[PDB]
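**Student:** Before we start, here is the structure in question, set down as structure tokens.
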Amino acid sequence: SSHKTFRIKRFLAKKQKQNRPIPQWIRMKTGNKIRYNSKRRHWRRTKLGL
Amino acid sequence: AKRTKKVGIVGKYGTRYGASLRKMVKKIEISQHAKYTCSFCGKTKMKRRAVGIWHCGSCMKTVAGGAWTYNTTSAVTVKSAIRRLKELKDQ
Amino acid sequence: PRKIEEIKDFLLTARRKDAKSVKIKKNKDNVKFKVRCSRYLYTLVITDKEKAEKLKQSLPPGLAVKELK
Amino acid sequence: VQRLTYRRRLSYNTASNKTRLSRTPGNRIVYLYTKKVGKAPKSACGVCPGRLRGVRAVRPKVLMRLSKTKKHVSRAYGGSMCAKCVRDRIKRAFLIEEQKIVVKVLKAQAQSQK
Amino acid sequence: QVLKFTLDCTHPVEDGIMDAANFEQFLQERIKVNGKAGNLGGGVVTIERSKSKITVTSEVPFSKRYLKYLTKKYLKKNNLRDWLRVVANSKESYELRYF
RNA sequence: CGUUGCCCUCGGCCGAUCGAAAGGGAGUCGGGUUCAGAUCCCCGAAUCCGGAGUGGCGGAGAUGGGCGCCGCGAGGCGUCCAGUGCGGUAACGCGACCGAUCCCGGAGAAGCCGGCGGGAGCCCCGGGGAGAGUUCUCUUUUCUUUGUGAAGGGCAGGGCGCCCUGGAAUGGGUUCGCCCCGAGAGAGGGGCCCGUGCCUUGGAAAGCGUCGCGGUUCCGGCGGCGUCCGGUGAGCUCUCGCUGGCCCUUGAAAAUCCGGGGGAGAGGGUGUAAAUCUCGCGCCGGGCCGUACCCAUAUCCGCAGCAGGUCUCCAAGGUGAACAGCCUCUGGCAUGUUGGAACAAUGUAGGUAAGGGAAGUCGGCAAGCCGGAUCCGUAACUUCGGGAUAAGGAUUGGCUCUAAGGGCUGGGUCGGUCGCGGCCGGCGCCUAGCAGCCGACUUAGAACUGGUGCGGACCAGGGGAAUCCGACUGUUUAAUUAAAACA
RNA sequence: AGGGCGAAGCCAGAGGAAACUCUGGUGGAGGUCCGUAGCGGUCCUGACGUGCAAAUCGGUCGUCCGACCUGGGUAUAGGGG
Ligand SMILES: [Mg+2]
Ligand SMILES: [Mg+2]
Ligand SMILES: [Mg+2]
Ligand SMILES: [Mg+2]
Ligand SMILES: [Mg+2]
Ligand SMILES: [Mg+2]
Ligand SMILES: [Mg+2]
Ligand SMILES: [Mg+2]
Ligand SMILES: [Mg+2]
Ligand SMILES: [Mg+2]
Ligand SMILES: [Mg+2]
Ligand SMILES: [Mg+2]
Ligand SMILES: [Mg+2]
Ligand SMILES: [Mg+2]
Ligand SMILES: [Mg+2]
Ligand SMILES: [Mg+2]
Ligand SMILES: [Mg+2]
Ligand SMILES: [Mg+2]
Ligand SMILES: [Mg+2]
Ligand SMILES: [Mg+2]
Ligand SMILES: [Mg+2]
Ligand SMILES: [Mg+2]
Ligand SMILES: [Zn+2]
């Protein structure tokens, strides 16, 4: 909005940190079932806890 | 009767509202916009400000009067009676 | 800012503790004398050139006298 | 023609968001936001409609800054009340007290008579 | 008053691209005064010749950049507006130069 | 001298608290700078608020007057009082000018609409420059560009329901409109407020425009020149101001800030004090959170880059009544999720049609006619206001002329004397005014002219006679009912 | 936006013995008219009708100083508003 509270800004920050894709060294771990992050949120489609 | 034969002040209203109502309004509509004489300085400046309150512009004397006239008749008749009784009581 | 009218007055303002740079703008036909202070930037317009050249010498202990060009 | 924008996030044209055009040294017309218009104080009498003389009509929280002389005038009731209403108050307050004295005298004569 | 405008064409003439006498002649023809082309409006403006430098010397009010116009017109006629450019060298002066 | 403990002394409130990124609410602006941030970074100019004890400094308070001596005199001492600033007839003024609880007042703090005026921004016109484009012919060309922040100081320019003089009917003054006057008009002199306008400090050093160099480079390099003068206005935008109109409508509170009335107190004793709603300068501080971008025929909501929806600011030239439409510059785009080749039928959206003119159809549905302006001319009926652009007519282009509408400035000339200018005295006294100099724009009339075309595109009423319903304006079924329903 | 109509009040002139009346102005009233933005939504029973759209589009329309339009804040909740 460009007029944020601090509460909201911090919320957004964490959401922004969560988006990154898996580190590829994770795929090489021993008992690995994970191939892709599957919790990736694109701003244009799917619109936050808000 | 330069511009109108018989509407004057209530020519504003045009055709609307009916003849009787517009005739009925003409009496008040005149009196309420009249500039009266400030019985305080004697200039012709007593002008209704809002209902029941008339203000002299020069005198600066705001005066609780009638709704459409600086004086109602009722007020006037009441004034004289009170003056009479006042004199009857005190002597 | 503040303009000054007496050569003495600007000399007194220049002699304060708070003062510093006393830069000097030769405009042609004018020769200002801008002396910064804490609050204000005092200037003084000295129309004569020789009188400005004389004043140049009369600033006191080793102030900046940062002549402007 | 150089059109222009507001300089603050207040978009709406309001009592708060009033402006004026100014040409800068950079040679660009720019909005400067303008300070509200202060009023001179009206009289303590309350009949004289005209506002007071010799007072800097300025937004009241400024008065703080101003010198005492700007804020008033050298008279009794200075910068609170218009002169006319003082010199009527004066002679009123005097003339009233002279009649109060006259009634006191007429009372004292009536006591001495009775 | 004395309005004295030079119009020096030093190194187009030295390269031999134009002739200053013909340019003078063209200027004596054209330079209009009060809406009359020929005869310099009588003995009003005066055109000088100094190999390269032209000088125009008026008594009446006379614009400087009217000389720029007429040089530009003359340069177009001779097909020189391509590698010749009029510039104000200084005030009271123009100056034909290359690119 | 602080700090605290206790004792006395005084004290109404009014409800704790929450409630506005458009209400109220002190104080920041110019230039530069980034791949992306700037009133936030840098440079420079400011500014408010709080603190400032020991008070950092000046200045104000405040340094008179008397008497007595001594000294030629300037003056020196002894001793007595005065001194919480002064100016103006007044409006009110001057840099400061003690002061509590208490009280009164003001500011914050006010609707809409009209008209008129002043100030800016923009547009326009005439010229100066600098760079342009055009140049077959013409064009002293057409195009661009031509600057000064806040805060101070000065001065115009506005406004005053301020004062003093004085006394107005033959009544005057005066507005576009009004409106004012013995409760003091005109006339003369002043006082105050705003001064966003000029000038100036700021500030040319900075910006912009040009020409030019320095550097293979890096480089915010460095120089020249310039940044001028005038005129216009029912012009538009904003604004300040005055003055009306409307209301059975009268159009926010509070925080905060000041003024005044009071006079409880405090100050030192003749060089100083307490005091500065402190004057000028000096010192220190201002934490917390927001600050990217989109803001919409692709960043929002309608399952989507959806013809939908979604609150504002700015707002050039031409034509024109116009923020109408049509064309243009500034700025912006690539035709709205594709291309190519054809040009069949059906369509969707536009047009045109001989003769007739509603014969069509439930029904003139649809389209067509009409349309602007000026000049004439205007019925029935009527609640006398309307009806009314009733109806019905005529004109309209281009060109070349005519007439009619305004402002400014100027005579005190002759004689004398003093320095073209002044001062004095006498004539003159345009008192029917005349002379020179400027500048918007309209209106009417006339000639000529064209293949009768001319509101040439754009914009832009079809009328009439009657009946029914509902007086009217208003409202209504979001998404089949706008009505005669509701009001 | 821009236009139209031109109510009270005001001026002058003319008449009138008076009462007052005419003529020309000025003035700018109104849930006044035209008409933009705005708000709406008549008709084409047009387009569309597996749409652009779970109600949109085009022209044509109503209204456009007032019972006007509109943002944000705030109040009223289910036999309840
Ligand atoms: Mg979305
Ligand atoms: Mg606000
Ligand atoms: Mg004062
Ligand atoms: Mg709160
Ligand atoms: Mg007078
Ligand atoms: Mg931003
Ligand atoms: Mg936009
Ligand atoms: Mg296409
Ligand atoms: Mg394409
Ligand atoms: Mg698209
Ligand atoms: Mg046919
Ligand atoms: Mg049939
Ligand atoms: Mg038939
Ligand atoms: Mg039809
Ligand atoms: Mg009819
Ligand atoms: Mg019947
Ligand atoms: Mg109805
Ligand atoms: Mg419906
Ligand atoms: Mg419908
Ligand atoms: Mg259909
Ligand atoms: Mg289909
Ligand atoms: Mg599409
Ligand atoms: Zn008073």
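Residue numbers (the deposited numbering), protein chains in the order written: chain l, 2 to 51; chain p, 2 to 92; chain k, 2 to 70; chain g, 2 to 115; chain U, 17 to 115. Ideal Cβ positions, reconstructed from N, Cα and C, are used throughout, including at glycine.
#1: For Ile47(k), which of helix, strand or coil comes out of DSSP?
#2: Between the stretch 21–33 of chain U and the stretch 104–112 of chain U, can you find at least three pairs of beta-carbon atoms closer than 8 Å?
#3: Applying the 10 Å Cβ sphere with the 16-neighbour rule, what's the burial state of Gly15(p)?
#4: For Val74(g), report the span of its beta strand (DSSP E) as first-last.
#5: State yes or no: is the C-beta of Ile8(k) within less than 8 Å of the C-beta of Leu56(k)?
#6: Provide the residue span of the alpha helix (DSSP H) that contains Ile8(k), from first to last.
#7: Closest to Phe11(k) by C-alpha separation, out of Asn31(k), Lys27(k) and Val46(k), would be which residue?
#8: Measure the alpha-carbon distance for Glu75(U) versus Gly51(U) and round it to whole angstroms.
#9: Which value, in whole angstroms, describes the spacing of the CA atoms of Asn105(U) and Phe21(U)?
#10: Under a three-way DSSP split, which group does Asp89(g) fall into?
#11: If I follow the unbroken alpha helix (DSSP H) through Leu22(g), where does it start and stop?
#12: If you draw a straight line from the C-alpha of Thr35(g) to the C-alpha of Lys19(g), how long is it?
#13: Identify which residue in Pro77(U), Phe42(U), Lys92(U) and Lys88(U) has its Cα closest to the Cα of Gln17(U).
#14: Is any heavy atom of ligand 3 found at a distance shorter than 7 Å from the C-beta of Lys71(g)?
#15: Go through its chain and collect everything with a Cβ distance to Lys71(g)'s Cβ below 8 Å, but skip five positions before and after it.
#16: Less than 7 Å separating the Cβ of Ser17(g) from some heavy atom of ligand 2?
#17: Quick check on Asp98(U): does DSSP put it in helix, strand or coil?
#18: With a Cβ-Cβ cutoff of 8 Å, do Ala53(k) and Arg37(k) count as a contact?
#19: Beta carbon of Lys67(k), beta carbon of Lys33(k): below 8 Å?
#20: Would you call the CB atoms of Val87(g) and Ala77(g) closer than 8 Å?
#21: DSSP has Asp30(k) in a bridge; who is on the other side?
#22: Quick check: what's the CA-CA separation for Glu64(U) versus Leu96(U)?
#23: Smallest Cα separation from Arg50(p): which of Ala65(p), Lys44(p) and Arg84(p)?
#24: What does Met47(p) pair with, by DSSP beta-bridge criteria?
#25: Cα separation between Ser59(k) and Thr14(k)?
#26: Which value, in whole angstroms, describes the spacing of the CA atoms of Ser22(k) and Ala65(k)?
#27: Going by other Cβ atoms of all chains shown within 10 Å of its Cβ, with 16 needed for buried, is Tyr18(p) buried or exposed?
#28: Taking 8 Å as the threshold, find out whether the stretch 78–85 of chain g comes into contact with the stretch 38–57 of chain g through three or more Cβ pairs.
#29: Is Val74(g) close to ligand 3? I mean its beta-carbon at under 7 Å from any heavy atom of the ligand.
#30: What number of angstroms, rounded off, separates the C-alpha of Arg60(g) from the C-alpha of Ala41(g)?
#31: Do you know offhand how far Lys27(p)'s Cα is from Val74(g)'s?
#32: Over what stretch of residues does the beta strand (DSSP E) that includes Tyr34(g) continue unbroken?
#33: What residue range is occupied by the uninterrupted beta strand (DSSP E) comprising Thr6(g)?
**Tutor:** Per the coordinate set shown:
#1: coil
#2: yes
#3: exposed
#4: Careful: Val74(g) lies outside any beta strand (DSSP E) and carries neither H nor E.
#5: yes
#6: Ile8 to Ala15
#7: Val46(k)
#8: 16 Å
#9: 12 Å
#10: helix
#11: That residue, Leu22(g), is in no alpha helix (DSSP H); its beta strand (DSSP E) goes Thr20 to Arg24.
#12: 6 Å
#13: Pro77(U)
#14: yes
#15: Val56 and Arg57
#16: yes
#17: coil
#18: no
#19: no
#20: yes
#21: In the DSSP output, where bridge partners are listed per residue, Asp30(k) has none listed.
#22: 22 Å
#23: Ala65(p)
#24: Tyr37(p) and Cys57(p)
#25: 13 Å
#26: 5 Å
#27: exposed
#28: yes
#29: yes
#30: 9 Å
#31: 52 Å
#32: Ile30 to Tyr34
#33: Run containing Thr6(g): none; DSSP gives neither H nor E here.
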